[PDB]
Amino acid sequence: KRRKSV
Amino acid sequence: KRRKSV
Amino acid sequence: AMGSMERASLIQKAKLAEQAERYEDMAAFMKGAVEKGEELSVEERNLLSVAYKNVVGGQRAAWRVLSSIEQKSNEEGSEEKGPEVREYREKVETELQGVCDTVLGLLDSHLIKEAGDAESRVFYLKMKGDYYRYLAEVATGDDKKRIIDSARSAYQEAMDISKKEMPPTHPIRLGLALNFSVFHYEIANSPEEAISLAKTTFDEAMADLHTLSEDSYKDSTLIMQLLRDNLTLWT
Amino acid sequence: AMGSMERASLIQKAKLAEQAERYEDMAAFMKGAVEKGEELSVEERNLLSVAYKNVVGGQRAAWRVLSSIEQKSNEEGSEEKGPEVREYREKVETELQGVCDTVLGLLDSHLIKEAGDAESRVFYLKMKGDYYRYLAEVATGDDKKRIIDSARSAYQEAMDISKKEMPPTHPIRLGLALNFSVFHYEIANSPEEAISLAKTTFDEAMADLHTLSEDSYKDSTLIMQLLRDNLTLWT
Ligand SMILES: COC[C@@]1(O)CC[C@@H]2/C1=C\[C@@]1(C)CCC(C(C)C)=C1[C@@H](O)[C@H](O)[C@@H]2C
Ligand SMILES: COC[C@@]1(O)CC[C@@H]2/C1=C\[C@@]1(C)CCC(C(C)C)=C1[C@@H](O)[C@H](O)[C@@H]2C
Ligand SMILES: [Mg+2]
Ligand SMILES: [Mg+2]
Ligand SMILES: [Mg+2]
Ligand SMILES: [Mg+2]
């Protein structure tokens with residue numbers, strides 16, 4: 001589970 | 001469903 | 001380069017390249033459109049950001065694969081395999097830096113300076129922070145602190161304008177906060193600040209959801225869920 | 001171009017590029033290795049085929065997206081949107097043709113002529129048929145029949161050697177038959193021949209599975225399942 005960016 | 005090639 | 005194609009044709013082509021998942025082409029078409037010198041519309045700024053985010057996201061994922069190999073080759077008991085892993089990680093790194101530099105150049109010549117509305121100015125400053133952050137992910141030398149500080153300064157200016165000029169539920173504000181929080185967590189060694197920022201942002205957005213239409217609600221809750229995914233991962 | 005890098009370094013890099021899903025780099029590293037002029041090992045021929053199959057598979061999928069858009073733009077009641085869709089489909093088409101031409105050139109200079117063992121000769125001729133077939137997927141003019149016939153002739157020579165020199169379960173034989181059957185079905189307008197070839201190939205392989213080790217069995221049954229998937233789709 002990789003941290004989210006947008 | 002697309003036909004298979006390899 | 002794309003100098004002889006009409007701006008509208010470049011835009012039309014960028015949309016076709018996106019449909020075709022041809023993100024390098026999409027980015028080059030958008031670069032040509034920016035280079036026409038006119039400001040970008042909302043939809044056009046989105047296309048520009050999507051194109052480069054995909055290109056650089058492919059390069060970053062490859063760099064991480066190669067970095068991890070290179071690190072394993074440097075552990076005790078690993079056979080020397082020669083310079084190839086390092087050389088090829090460097091090659092991918094250099095290409096990734098060149099893409100960051102291209103985007104940063106477009107922002108500096110002359111997207112940011114002509115962006116007067118909050119929604120445009122914050123968008124481009126968030127991009128500036130994001131591409132300095134990708135440079136920081138690979139930085140290892142003399143300039144690393146300054147690259148980190150450039151990412152910080154850009155995100156901070158975007159935070160300050162977004163706080164003053166945009167509602168707490170605005171997707172640009174939420175995405176900016178999400179990314180600045182990631183910057184804090186993994187670039188600036190400030191996991192507390194990253195957590196605090198994601199929490200405060202999520203909570204302030206929750207409290208303003210009541211003002212929104214169904215479509216705006218869906219837009220904002222989508223990025224809020226990304227803030228929550230990080231908080232869940234980090235706490 | 002890759003002329004100054006050692007052949008083994010090119011091979012090592014191609015394997016790293018595959019791990020990193022950098023298939024364009026992988027293909028260029030393999031092209032450089034072929035250009036060193038030494039024959040390829042089994043594993044190296046596999047790398048060469050994987051690299052280009054992925055590159056061209058990305059271009060073909062994009063071309064199909066763009067082709068379908070272009071066709072919809074040409075139906076009754078569609079707004080004229082100008083030349084952009086056609087131009088951009090042409091651009092992707094030209095790049096795809098250039099990749100086919102590069103591979104066909106590597107095969108002709110001088111992979112095929114130096115390949116003496118059945119496993120190498122059939123492999124490269126199957127590649128020759130596959131890349132002429134990708135050229136045929138986009139061909140619309142004077143040369144289309146000749147391009148189709150080039151694909152046919154290459155597959156046929158590979159079929160003839162494979163029948164004589166390889167067991168019916170050999171993965172190369174099975175993959176060759178799978179692709180030549182696709183060629184018949186969708187390029188040469190011979191769905192009966194495509195079906196007949198996939199069926200006969202599958203059945204002859206079934207009958208020889210008993211000779212195989214567990215690992216060889218798994219290898220052969222995997223491609224046999226592809227023959228079955230096509231027969232299921234086409235019947
Ligand atoms: C520069 O920052 C760009 C961005 O990260 C800030 C938030 C988000 C951005 C990118 C993108 C164009 C891609 C992902 C989304 C989604 C959330 C679909 C969008 C838009 O649809 C949003 O309205 C919004 C502009
Ligand atoms: C030129 O034709 C190449 C090919 O289509 C002929 C059959 C198959 C080929 C490609 C590839 C390298 C990629 C997919 C597979 C799989 C079936 C895993 C392999 C090998 O592992 C097989 O042993 C075998 C050589
Ligand atoms: Mg050892
Ligand atoms: Mg302005
Ligand atoms: Mg109309
Ligand atoms: Mg030989």
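Neighbour counts run over all protein chains shown; Cβ positions are idealised from the backbone, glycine included. Read the figures in this text as sums done on the coordinates, not as results from a lab.
Karplus-derived 3J(HN,Hα) values for region C:107-116, using 6.51 cos²θ - 1.76 cosθ + 1.60 with θ = phi - 60°, are 4, 7, 10, 9, 4, 5, 5, 8, 8, x Hz; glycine and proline are entered as x. Taking the label point 7 Å along Cα→Cβ, C:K15 and its counterparts in the other copies are spaced 4.7 nm apart, in ascending order. When chain D is treated as a Gaussian network with alpha carbon springs shorter than 10 Å, the biggest mean-square fluctuation among D:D215, D:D108, D:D25 belongs to D:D215.
Among the GluC sites (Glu not before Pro) in region D:68-147, those located in a DSSP loop and surrounded by at most 11 other Cβ atoms within 10 Å of their own Cβ are D:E75, D:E76, D:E79, D:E80. Can you give the Kirkwood hydrodynamic radius for the protein assembly as shown, in Å, rounded to one decimal and based on Cα pairs? One decimal place: 25.7 Å for the Kirkwood radius.
Converting phi to 3J(HN,Hα) with the Karplus coefficients 6.51, -1.76 and 1.60 and the offset θ = phi - 60°, region D:52-68 yields 5, 4, 5, 4, 6, x, x, 5, 5, 5, 5, 4, 5, 4, 5, 4, 5 Hz in sequence order, with x at every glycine or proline. Using only side-chain charges placed at the Cβ, +1 for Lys and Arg and -1 for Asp and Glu, the dipole size of chain C relative to its Cα centre rounds to 160 debye. Applying the Karplus relation 6.51 cos²θ - 1.76 cosθ + 1.60 with θ = phi - 60° to region D:131-136 yields 3J(HN,Hα) values of 6, 5, 4, 5, 5, 5 Hz, where x marks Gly and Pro. Our note on the geometry: Cα centres of region C:180-194 and region D:128-202, 56 Å apart. With a Förster radius of 22 Å applied to the C-beta separation of C:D108 and C:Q156, the computed FRET efficiency comes to 0.80. Copy C relates to copy D by a rotation, and the C residue whose beta-carbon is nearest that axis, with the distance in whole angstrom, is C:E24, 5. Residues considered: D:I69, D:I223, D:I112. Largest GNM mean-square fluctuation over chain D, using C-alpha springs under 10 Å, is found at D:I69. Taking the three principal axes of the alpha carbon atoms in chain D, the coordinate ranges are 61, 52, 33 Å, sorted in descending order. Label-point distances for D:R64 to the equivalent site in the other copies, using a point 7 angstrom along Cα→C-beta, read 3.0 nm when ranked shortest first.
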